Every structure is written in structure tokens, then in C-alpha cells.
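As provided, start05.cif (mmCIF, C-alpha atoms) reads as follows.
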```cif
data_my_file
loop_
_atom_site.group_PDB
_atom_site.id
_atom_site.type_symbol
_atom_site.label_atom_id
_atom_site.label_comp_id
_atom_site.auth_asym_id
_atom_site.auth_seq_id
_atom_site.Cartn_x
_atom_site.Cartn_y
_atom_site.Cartn_z
ATOM 1 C CA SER A 242 14.451 12.864 43.171
ATOM 2 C CA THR A 243 17.816 11.344 41.989
ATOM 3 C CA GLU A 244 15.728 9.306 39.425
ATOM 4 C CA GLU A 245 14.476 12.591 37.784
ATOM 5 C CA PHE A 246 18.050 14.095 37.630
ATOM 6 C CA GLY A 247 19.390 10.728 36.287
ATOM 7 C CA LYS A 248 17.100 10.809 33.177
ATOM 8 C CA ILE A 249 18.071 14.455 32.258
ATOM 9 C CA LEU A 250 18.597 14.266 28.430
ATOM 10 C CA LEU A 251 22.126 15.692 27.711
ATOM 11 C CA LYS A 252 21.982 14.945 23.911
ATOM 12 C CA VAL A 253 20.436 12.578 21.260
ATOM 13 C CA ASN A 254 22.944 10.763 18.924
ATOM 14 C CA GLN A 255 22.503 10.534 15.079
ATOM 15 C CA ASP A 256 21.556 6.781 15.401
ATOM 16 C CA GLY A 257 18.502 7.714 17.599
ATOM 17 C CA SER A 258 20.079 6.574 20.950
ATOM 18 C CA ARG A 259 20.113 9.278 23.718
ATOM 19 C CA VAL A 260 22.764 10.133 26.415
ATOM 20 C CA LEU A 261 21.143 10.613 29.902
ATOM 21 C CA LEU A 262 22.938 12.291 32.901
ATOM 22 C CA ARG A 263 23.056 8.869 34.730
ATOM 23 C CA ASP A 264 25.264 7.555 31.812
ATOM 24 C CA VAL A 265 28.094 10.153 32.435
ATOM 25 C CA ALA A 266 27.554 10.736 36.234
ATOM 26 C CA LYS A 267 26.471 9.061 39.546
ATOM 27 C CA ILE A 268 23.286 10.692 41.044
ATOM 28 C CA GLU A 269 22.899 10.611 44.898
ATOM 29 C CA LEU A 270 21.793 12.848 47.837
ATOM 30 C CA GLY A 271 25.027 14.048 49.561
ATOM 31 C CA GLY A 272 26.296 16.956 51.734
ATOM 32 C CA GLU A 273 26.825 20.456 50.200
ATOM 33 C CA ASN A 274 30.367 20.129 51.736
ATOM 34 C CA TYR A 275 32.056 16.890 53.058
ATOM 35 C CA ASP A 276 34.851 18.671 55.091
ATOM 36 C CA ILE A 277 32.929 18.718 58.464
ATOM 37 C CA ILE A 278 32.351 15.288 60.191
ATOM 38 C CA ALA A 279 31.489 14.872 63.947
ATOM 39 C CA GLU A 280 31.468 11.934 66.476
ATOM 40 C CA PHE A 281 29.753 11.687 69.948
ATOM 41 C CA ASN A 282 31.761 9.254 72.197
ATOM 42 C CA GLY A 283 33.408 7.781 69.027
ATOM 43 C CA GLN A 284 29.923 7.168 67.450
ATOM 44 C CA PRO A 285 28.830 8.779 64.117
ATOM 45 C CA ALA A 286 26.840 11.985 64.970
ATOM 46 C CA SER A 287 25.769 15.511 63.855
ATOM 47 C CA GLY A 288 25.096 18.572 66.099
ATOM 48 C CA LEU A 289 24.362 22.349 66.394
ATOM 49 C CA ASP B 13 -27.588 24.652 40.190
ATOM 50 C CA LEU B 14 -28.049 20.970 41.323
ATOM 51 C CA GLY B 15 -25.387 19.218 39.134
ATOM 52 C CA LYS B 16 -22.931 21.949 40.347
ATOM 53 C CA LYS B 17 -23.543 20.935 44.045
ATOM 54 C CA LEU B 18 -22.869 17.269 42.970
ATOM 55 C CA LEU B 19 -19.394 18.239 41.539
ATOM 56 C CA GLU B 20 -18.487 20.028 44.858
ATOM 57 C CA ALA B 21 -19.840 17.020 46.897
ATOM 58 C CA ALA B 22 -17.995 14.433 44.672
ATOM 59 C CA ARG B 23 -14.628 16.302 45.118
ATOM 60 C CA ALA B 24 -15.184 16.928 48.903
ATOM 61 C CA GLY B 25 -15.822 13.157 49.478
ATOM 62 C CA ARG B 26 -19.340 13.696 50.989
ATOM 63 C CA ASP B 27 -20.680 10.113 50.350
ATOM 64 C CA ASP B 28 -24.154 10.916 51.867
ATOM 65 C CA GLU B 29 -24.733 14.320 50.101
ATOM 66 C CA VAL B 30 -23.970 12.649 46.674
ATOM 67 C CA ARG B 31 -26.709 9.981 47.350
ATOM 68 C CA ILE B 32 -29.057 12.833 48.572
ATOM 69 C CA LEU B 33 -28.388 14.911 45.361
ATOM 70 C CA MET B 34 -28.803 11.635 43.323
ATOM 71 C CA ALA B 35 -32.278 11.002 44.922
ATOM 72 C CA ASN B 36 -33.399 14.593 43.977
ATOM 73 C CA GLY B 37 -32.205 13.737 40.399
ATOM 74 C CA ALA B 38 -29.081 15.885 39.696
ATOM 75 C CA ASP B 39 -27.192 15.643 36.322
ATOM 76 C CA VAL B 40 -24.611 12.805 36.925
ATOM 77 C CA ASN B 41 -22.547 14.104 33.898
ATOM 78 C CA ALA B 42 -22.633 17.787 35.113
ATOM 79 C CA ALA B 43 -19.291 19.207 33.767
ATOM 80 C CA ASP B 44 -17.317 22.157 35.325
ATOM 81 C CA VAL B 45 -15.257 24.888 33.475
ATOM 82 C CA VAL B 46 -12.421 22.384 32.571
ATOM 83 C CA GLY B 47 -14.982 19.646 31.594
ATOM 84 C CA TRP B 48 -14.580 17.459 34.758
ATOM 85 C CA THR B 49 -17.700 15.366 35.722
ATOM 86 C CA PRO B 50 -18.344 14.198 39.341
ATOM 87 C CA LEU B 51 -16.735 10.832 38.284
ATOM 88 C CA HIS B 52 -13.560 12.769 37.158
ATOM 89 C CA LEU B 53 -13.191 14.540 40.583
ATOM 90 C CA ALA B 54 -13.895 11.283 42.560
ATOM 91 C CA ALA B 55 -11.209 9.463 40.431
ATOM 92 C CA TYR B 56 -8.590 12.292 40.902
ATOM 93 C CA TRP B 57 -9.172 12.795 44.699
ATOM 94 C CA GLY B 58 -9.760 8.995 45.050
ATOM 95 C CA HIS B 59 -13.313 8.694 46.539
ATOM 96 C CA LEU B 60 -13.950 4.993 45.568
ATOM 97 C CA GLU B 61 -17.243 4.789 47.595
ATOM 98 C CA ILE B 62 -18.575 7.786 45.503
ATOM 99 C CA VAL B 63 -17.210 6.371 42.139
ATOM 100 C CA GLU B 64 -19.371 3.212 42.775
ATOM 101 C CA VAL B 65 -22.496 5.370 43.628
ATOM 102 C CA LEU B 66 -21.983 7.577 40.479
ATOM 103 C CA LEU B 67 -21.517 4.534 38.120
ATOM 104 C CA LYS B 68 -24.640 2.857 39.706
ATOM 105 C CA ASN B 69 -26.766 5.932 38.643
ATOM 106 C CA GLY B 70 -25.274 5.773 35.081
ATOM 107 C CA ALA B 71 -22.258 8.169 35.265
ATOM 108 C CA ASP B 72 -20.636 8.255 31.743
ATOM 109 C CA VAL B 73 -17.463 6.144 32.469
ATOM 110 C CA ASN B 74 -15.888 7.273 29.103
ATOM 111 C CA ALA B 75 -16.689 10.996 29.805
ATOM 112 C CA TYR B 76 -13.619 13.068 28.656
ATOM 113 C CA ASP B 77 -12.603 16.651 29.713
ATOM 114 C CA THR B 78 -11.632 19.625 27.415
ATOM 115 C CA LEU B 79 -8.143 17.973 26.908
ATOM 116 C CA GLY B 80 -9.573 14.436 26.231
ATOM 117 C CA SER B 81 -8.644 12.988 29.704
ATOM 118 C CA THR B 82 -11.118 10.456 31.308
ATOM 119 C CA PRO B 83 -11.583 9.393 34.988
ATOM 120 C CA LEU B 84 -9.477 6.238 34.152
ATOM 121 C CA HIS B 85 -6.551 8.551 33.081
ATOM 122 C CA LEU B 86 -6.709 10.275 36.544
ATOM 123 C CA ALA B 87 -7.343 7.035 38.578
ATOM 124 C CA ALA B 88 -4.395 5.187 36.874
ATOM 125 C CA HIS B 89 -2.094 8.306 37.098
ATOM 126 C CA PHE B 90 -2.535 8.951 40.900
ATOM 127 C CA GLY B 91 -2.310 5.248 41.945
ATOM 128 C CA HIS B 92 -6.014 4.598 42.861
ATOM 129 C CA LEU B 93 -5.839 0.785 42.209
ATOM 130 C CA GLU B 94 -9.379 -0.019 43.578
ATOM 131 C CA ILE B 95 -10.987 2.787 41.422
ATOM 132 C CA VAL B 96 -9.086 1.673 38.214
ATOM 133 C CA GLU B 97 -10.683 -1.837 38.623
ATOM 134 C CA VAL B 98 -14.239 -0.483 39.426
ATOM 135 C CA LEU B 99 -13.955 1.812 36.309
ATOM 136 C CA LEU B 100 -12.622 -1.007 34.002
ATOM 137 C CA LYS B 101 -15.290 -3.450 35.407
ATOM 138 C CA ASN B 102 -17.997 -0.838 34.428
ATOM 139 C CA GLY B 103 -16.695 -0.789 30.789
ATOM 140 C CA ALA B 104 -13.997 1.968 30.813
ATOM 141 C CA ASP B 105 -12.017 2.383 27.506
ATOM 142 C CA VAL B 106 -8.530 1.070 28.589
ATOM 143 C CA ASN B 107 -7.009 2.230 25.204
ATOM 144 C CA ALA B 108 -8.534 5.769 25.713
ATOM 145 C CA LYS B 109 -6.128 8.399 24.189
ATOM 146 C CA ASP B 110 -6.286 12.097 25.338
ATOM 147 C CA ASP B 111 -5.474 15.123 23.043
ATOM 148 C CA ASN B 112 -1.701 14.290 23.481
ATOM 149 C CA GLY B 113 -2.239 10.542 22.672
ATOM 150 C CA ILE B 114 -1.483 9.645 26.367
ATOM 151 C CA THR B 115 -3.321 6.477 27.658
ATOM 152 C CA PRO B 116 -3.994 5.355 31.291
ATOM 153 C CA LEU B 117 -1.106 2.794 30.866
ATOM 154 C CA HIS B 118 1.301 5.665 29.846
ATOM 155 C CA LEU B 119 0.345 7.548 33.097
ATOM 156 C CA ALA B 120 0.424 4.300 35.214
ATOM 157 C CA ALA B 121 3.902 3.466 33.723
ATOM 158 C CA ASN B 122 5.176 7.101 34.174
ATOM 159 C CA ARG B 123 4.437 7.305 37.978
ATOM 160 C CA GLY B 124 5.444 3.585 38.293
ATOM 161 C CA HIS B 125 2.117 2.183 39.675
ATOM 162 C CA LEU B 126 3.251 -1.444 38.929
ATOM 163 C CA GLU B 127 -0.040 -2.980 40.288
ATOM 164 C CA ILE B 128 -2.331 -0.726 38.107
ATOM 165 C CA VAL B 129 -0.159 -1.416 34.957
ATOM 166 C CA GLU B 130 -0.911 -5.201 35.369
ATOM 167 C CA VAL B 131 -4.697 -4.458 35.861
ATOM 168 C CA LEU B 132 -4.759 -2.310 32.630
ATOM 169 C CA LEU B 133 -2.814 -5.023 30.646
ATOM 170 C CA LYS B 134 -5.314 -7.660 32.007
ATOM 171 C CA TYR B 135 -8.222 -5.672 30.365
ATOM 172 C CA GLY B 136 -6.340 -5.567 26.988
ATOM 173 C CA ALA B 137 -4.312 -2.303 27.340
ATOM 174 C CA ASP B 138 -2.347 -1.846 24.033
ATOM 175 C CA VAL B 139 1.425 -1.995 24.946
ATOM 176 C CA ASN B 140 2.459 -0.788 21.408
ATOM 177 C CA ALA B 141 0.139 2.283 21.945
ATOM 178 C CA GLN B 142 2.216 5.460 21.192
ATOM 179 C CA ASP B 143 1.486 9.128 22.184
ATOM 180 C CA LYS B 144 2.116 12.273 19.990
ATOM 181 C CA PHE B 145 5.944 11.768 20.489
ATOM 182 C CA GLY B 146 5.896 8.056 19.398
ATOM 183 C CA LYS B 147 6.698 6.832 22.977
ATOM 184 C CA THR B 148 5.219 3.535 24.378
ATOM 185 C CA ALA B 149 4.671 2.677 28.114
ATOM 186 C CA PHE B 150 7.889 0.530 27.811
ATOM 187 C CA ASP B 151 9.890 3.554 26.420
ATOM 188 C CA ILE B 152 8.788 5.378 29.667
ATOM 189 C CA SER B 153 10.068 2.495 31.935
ATOM 190 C CA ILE B 154 13.536 2.416 30.185
ATOM 191 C CA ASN B 155 13.885 6.274 30.416
ATOM 192 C CA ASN B 156 12.593 6.262 34.076
ATOM 193 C CA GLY B 157 15.082 3.372 34.710
ATOM 194 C CA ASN B 158 12.336 1.162 36.280
ATOM 195 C CA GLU B 159 13.586 -2.503 36.453
ATOM 196 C CA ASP B 160 10.263 -4.078 37.670
ATOM 197 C CA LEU B 161 8.067 -2.147 35.122
ATOM 198 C CA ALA B 162 10.331 -2.831 32.051
ATOM 199 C CA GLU B 163 10.166 -6.656 32.686
ATOM 200 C CA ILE B 164 6.276 -6.580 32.766
ATOM 201 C CA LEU B 165 6.123 -4.751 29.344
ATOM 202 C CA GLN B 166 8.326 -7.356 27.487
#
```

Transcribe the structure of this file into C-alpha cells.
Amino acid sequence: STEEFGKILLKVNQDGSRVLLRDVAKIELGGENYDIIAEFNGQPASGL
Amino acid sequence: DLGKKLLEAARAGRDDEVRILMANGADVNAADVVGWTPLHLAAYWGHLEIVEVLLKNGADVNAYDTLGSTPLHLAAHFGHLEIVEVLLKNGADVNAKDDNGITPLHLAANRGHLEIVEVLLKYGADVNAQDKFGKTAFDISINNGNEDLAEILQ
């Protein structure tokens, strides 16, 4: 889950506070590659 | 080998066979290799109808395995709301700490079972309760980034 990746502990500061991955990055499910996008009769679509 | 058949029946969810083995007088606190009673297995796999039958024939509700985990730990961890109530109503230790200092609230908070967390708190579940790492059920909610859970524990 994105929630599990978000709370990955990058480091703990000297004052006790801790830097999670969600503090330095946005966590979402997204394509391996965003180059390829298809439309069927001008309507958002995928295909094989 | 009668209390051993009860363990297998309790896990399988065979409501009838448990009552049949109970009539013949099988050990209700018959523990397996890892120290799980029939009540443990029923709580984990979520056989509420069996949990009621076991507790009615005096199944040790505060029975703990070889790592100090009780049926309430399992019930609260795997989101078995009905079983958590039935356990607590039959005098289950809500502040029960395992070998790691983890309580049913810690497990309920971790998996984000918001309903069960409220039921534990209702029966006097210690919110300030820490584990071996000095982490409360609220420290879990902030790290998990749970909005709904964090508001309940403050």
C-alpha cells in the first residue's frame, strides 16, 4: 500500500522527531511509464 | 487425544463437533505446540458461534500462548468486532500485554479497526500503555497517518 511506503523511516533527528518518506515525496499508484496514452473514439481507453 | 480434536474442530469452524467433543468432556484449555487453545484459534479464524460455546464451558479467556498473546490480541488484530465484545463481556484482560508489551488496542490501532478501538477504550483500555519500544496506540495512528484513529485517542 501507498500508506506503508509513506511511513518508511528515512532518518530520526537529534530532537527525537523522525522524517518519513511522505514528508519528502508524494506516494501514489502510477504507470511504470507515462509516455503511452490511448483513446477509443476520443474517449479515455487502454488496449492490447 | 480428545482436546487435540477440539483444537482442529475450533479452527475448522465445526460448530456441532465442538459441542459433541464438549459433551464427551474434552480439555477446553487444550494447548497446541505454539500454546494456542481452542479459544485462540476461534478468535484468529473468527468463529464467533464457537467462541460463545467455548466460554460457556469455562474456556480460560485470559489464556496466553508461548509469546504471551491472548485470544483478545488475535480478535482485536484481525477485526473480529463481535468476538472482541463477547471476550470483553466474559472478563477478558483489555490491558493484557504480550512478551513485546503489545496490547489488543496496539493491534486494533495498527490495522486501523476504528470500531474495535472504541470497544476496547469503553472497557478501560489504557491509552498511555506503551510496548517494549515506548510506543502508545496514538503513536501508531500518527505514524500510520490515520486521521479518524488519532482524533479518538486524544

Would you kindly return, as a PDB file with C-alpha atoms, in the frame of the given file, each protein, DNA or RNA residue with an atom no farther than 9 Å from any atom of residue 79 in chain B, considering all atoms listed in the file and excluding same-chain residues fewer than 2 positions away?
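For reference, selection_18.pdb as written:
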```pdb
ATOM      1  CA  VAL B  46     -12.421  22.384  32.571  1.00  0.00           C
ATOM      2  CA  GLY B  47     -14.982  19.646  31.594  1.00  0.00           C
ATOM      3  CA  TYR B  76     -13.619  13.068  28.656  1.00  0.00           C
ATOM      4  CA  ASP B  77     -12.603  16.651  29.713  1.00  0.00           C
ATOM      5  CA  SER B  81      -8.644  12.988  29.704  1.00  0.00           C
ATOM      6  CA  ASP B 110      -6.286  12.097  25.338  1.00  0.00           C
ATOM      7  CA  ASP B 111      -5.474  15.123  23.043  1.00  0.00           C
ATOM      8  CA  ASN B 112      -1.701  14.290  23.481  1.00  0.00           C
TER       9      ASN B 112
END
```

Residue IDs satisfying the PyMOL selection byres ((chain B) within 10 of (chain A)), as a VMD selection string
chain B and resid 154 to 158

Nearest to residue 74 in chain B: which of B:105, B:44, B:130, B:159 is it, counting only C-alpha atoms?
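Looking only at the distances to residue 74 in chain B, the closest residue turns out to be B:105.
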
For the PyMOL selection byres ((chain B and resi 134) around 12), applied here, can you spell out every residue it catches as a ChimeraX atom specification?
/B:96-97,100-101,106,117,127-133,135-139,164

CA of residue 54 in chain B to CA of residue 36 in chain B: how many Å, to one decimal?
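CA of residue 36 in chain B lies 19.8 Å from CA of residue 54 in chain B.
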
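Our summary of the geometry notes that CA of residue 114 in chain B is positioned 5.2 Å from CA of residue 143 in chain B.
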
May I ask for the distance between CA of residue 26 in chain B and CA of residue 65 in chain B, given in Å to one decimal place?
11.6 Å

Taking 3 positions as the minimum chain separation for residues in the same chain, which residues sit within 7 Å of residue 123 in chain B when counting only C-alpha atoms? Answer as a ChimeraX atom specification.
/B:89,119-120

What's the 9 Å shell around range 268-281 of chain A, counting only C-alpha atoms, without same-chain residues fewer than 4 positions away, as a ChimeraX atom specification?
/A:242-244,246-247,262-263,285-288

Need the neighbours of (-23.9, 7.8, 40.6): which residues are at most 12 Å away, counting all atoms listed in the file, as a ChimeraX atom specification?
/B:15,18-19,21-22,27-35,37-42,49-52,54,60-73

For the residues in that selection, give me C-alpha atoms as a PDB file, in the frame of the given file.
```pdb
ATOM      1  CA  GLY B  15     -25.387  19.218  39.134  1.00  0.00           C
ATOM      2  CA  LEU B  18     -22.869  17.269  42.970  1.00  0.00           C
ATOM      3  CA  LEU B  19     -19.394  18.239  41.539  1.00  0.00           C
ATOM      4  CA  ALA B  21     -19.840  17.020  46.897  1.00  0.00           C
ATOM      5  CA  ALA B  22     -17.995  14.433  44.672  1.00  0.00           C
ATOM      6  CA  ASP B  27     -20.680  10.113  50.350  1.00  0.00           C
ATOM      7  CA  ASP B  28     -24.154  10.916  51.867  1.00  0.00           C
ATOM      8  CA  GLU B  29     -24.733  14.320  50.101  1.00  0.00           C
ATOM      9  CA  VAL B  30     -23.970  12.649  46.674  1.00  0.00           C
ATOM     10  CA  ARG B  31     -26.709   9.981  47.350  1.00  0.00           C
ATOM     11  CA  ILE B  32     -29.057  12.833  48.572  1.00  0.00           C
ATOM     12  CA  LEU B  33     -28.388  14.911  45.361  1.00  0.00           C
ATOM     13  CA  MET B  34     -28.803  11.635  43.323  1.00  0.00           C
ATOM     14  CA  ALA B  35     -32.278  11.002  44.922  1.00  0.00           C
ATOM     15  CA  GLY B  37     -32.205  13.737  40.399  1.00  0.00           C
ATOM     16  CA  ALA B  38     -29.081  15.885  39.696  1.00  0.00           C
ATOM     17  CA  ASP B  39     -27.192  15.643  36.322  1.00  0.00           C
ATOM     18  CA  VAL B  40     -24.611  12.805  36.925  1.00  0.00           C
ATOM     19  CA  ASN B  41     -22.547  14.104  33.898  1.00  0.00           C
ATOM     20  CA  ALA B  42     -22.633  17.787  35.113  1.00  0.00           C
ATOM     21  CA  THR B  49     -17.700  15.366  35.722  1.00  0.00           C
ATOM     22  CA  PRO B  50     -18.344  14.198  39.341  1.00  0.00           C
ATOM     23  CA  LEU B  51     -16.735  10.832  38.284  1.00  0.00           C
ATOM     24  CA  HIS B  52     -13.560  12.769  37.158  1.00  0.00           C
ATOM     25  CA  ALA B  54     -13.895  11.283  42.560  1.00  0.00           C
ATOM     26  CA  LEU B  60     -13.950   4.993  45.568  1.00  0.00           C
ATOM     27  CA  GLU B  61     -17.243   4.789  47.595  1.00  0.00           C
ATOM     28  CA  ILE B  62     -18.575   7.786  45.503  1.00  0.00           C
ATOM     29  CA  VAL B  63     -17.210   6.371  42.139  1.00  0.00           C
ATOM     30  CA  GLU B  64     -19.371   3.212  42.775  1.00  0.00           C
ATOM     31  CA  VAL B  65     -22.496   5.370  43.628  1.00  0.00           C
ATOM     32  CA  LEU B  66     -21.983   7.577  40.479  1.00  0.00           C
ATOM     33  CA  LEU B  67     -21.517   4.534  38.120  1.00  0.00           C
ATOM     34  CA  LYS B  68     -24.640   2.857  39.706  1.00  0.00           C
ATOM     35  CA  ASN B  69     -26.766   5.932  38.643  1.00  0.00           C
ATOM     36  CA  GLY B  70     -25.274   5.773  35.081  1.00  0.00           C
ATOM     37  CA  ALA B  71     -22.258   8.169  35.265  1.00  0.00           C
ATOM     38  CA  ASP B  72     -20.636   8.255  31.743  1.00  0.00           C
ATOM     39  CA  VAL B  73     -17.463   6.144  32.469  1.00  0.00           C
TER      40      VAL B  73
END
```

Determine the residue membership of the PyMOL selection byres ((chain B and resi 161) around 8) for the file above and supply it as a ChimeraX atom specification.
/B:121,124,126,150,153,158-160,162-165

Please return range 250-265 of chain A, rebuilt to N, CA and C atoms, as a PDB file, keeping the file's coordinate frame.
```pdb
ATOM      1  N   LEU A 250      18.126  14.546  29.811  1.00  0.00           N
ATOM      2  CA  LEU A 250      18.597  14.266  28.430  1.00  0.00           C
ATOM      3  C   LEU A 250      19.684  15.279  28.051  1.00  0.00           C
ATOM      4  N   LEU A 251      20.949  14.848  28.054  1.00  0.00           N
ATOM      5  CA  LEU A 251      22.126  15.692  27.711  1.00  0.00           C
ATOM      6  C   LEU A 251      22.158  15.932  26.197  1.00  0.00           C
ATOM      7  N   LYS A 252      22.003  14.872  25.397  1.00  0.00           N
ATOM      8  CA  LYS A 252      21.982  14.945  23.911  1.00  0.00           C
ATOM      9  C   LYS A 252      21.388  13.656  23.326  1.00  0.00           C
ATOM     10  N   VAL A 253      20.891  13.735  22.087  1.00  0.00           N
ATOM     11  CA  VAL A 253      20.436  12.578  21.260  1.00  0.00           C
ATOM     12  C   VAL A 253      21.460  12.371  20.137  1.00  0.00           C
ATOM     13  N   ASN A 254      21.953  11.139  19.971  1.00  0.00           N
ATOM     14  CA  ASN A 254      22.944  10.763  18.924  1.00  0.00           C
ATOM     15  C   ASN A 254      22.230  10.640  17.573  1.00  0.00           C
ATOM     16  N   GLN A 255      23.003  10.598  16.481  1.00  0.00           N
ATOM     17  CA  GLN A 255      22.503  10.534  15.079  1.00  0.00           C
ATOM     18  C   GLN A 255      21.755   9.215  14.842  1.00  0.00           C
ATOM     19  N   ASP A 256      22.129   8.148  15.557  1.00  0.00           N
ATOM     20  CA  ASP A 256      21.556   6.781  15.401  1.00  0.00           C
ATOM     21  C   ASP A 256      20.315   6.611  16.292  1.00  0.00           C
ATOM     22  N   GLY A 257      19.777   7.703  16.853  1.00  0.00           N
ATOM     23  CA  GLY A 257      18.502   7.714  17.599  1.00  0.00           C
ATOM     24  C   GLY A 257      18.698   7.574  19.100  1.00  0.00           C
ATOM     25  N   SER A 258      19.708   6.805  19.527  1.00  0.00           N
ATOM     26  CA  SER A 258      20.079   6.574  20.950  1.00  0.00           C
ATOM     27  C   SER A 258      20.365   7.913  21.640  1.00  0.00           C
ATOM     28  N   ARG A 259      20.052   8.012  22.937  1.00  0.00           N
ATOM     29  CA  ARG A 259      20.113   9.278  23.718  1.00  0.00           C
ATOM     30  C   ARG A 259      20.983   9.091  24.966  1.00  0.00           C
ATOM     31  N   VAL A 260      21.818  10.094  25.261  1.00  0.00           N
ATOM     32  CA  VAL A 260      22.764  10.133  26.415  1.00  0.00           C
ATOM     33  C   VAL A 260      22.064  10.831  27.588  1.00  0.00           C
ATOM     34  N   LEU A 261      21.742  10.081  28.648  1.00  0.00           N
ATOM     35  CA  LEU A 261      21.143  10.613  29.902  1.00  0.00           C
ATOM     36  C   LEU A 261      22.272  11.008  30.862  1.00  0.00           C
ATOM     37  N   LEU A 262      21.955  11.782  31.905  1.00  0.00           N
ATOM     38  CA  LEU A 262      22.938  12.291  32.901  1.00  0.00           C
ATOM     39  C   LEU A 262      23.479  11.128  33.743  1.00  0.00           C
ATOM     40  N   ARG A 263      22.683  10.068  33.928  1.00  0.00           N
ATOM     41  CA  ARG A 263      23.056   8.869  34.730  1.00  0.00           C
ATOM     42  C   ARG A 263      24.089   8.018  33.975  1.00  0.00           C
ATOM     43  N   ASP A 264      24.309   8.292  32.683  1.00  0.00           N
ATOM     44  CA  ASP A 264      25.264   7.555  31.812  1.00  0.00           C
ATOM     45  C   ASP A 264      26.674   8.146  31.949  1.00  0.00           C
ATOM     46  N   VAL A 265      26.792   9.423  32.335  1.00  0.00           N
ATOM     47  CA  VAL A 265      28.094  10.153  32.435  1.00  0.00           C
ATOM     48  C   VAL A 265      28.359  10.599  33.881  1.00  0.00           C
TER      49      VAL A 265
END
```
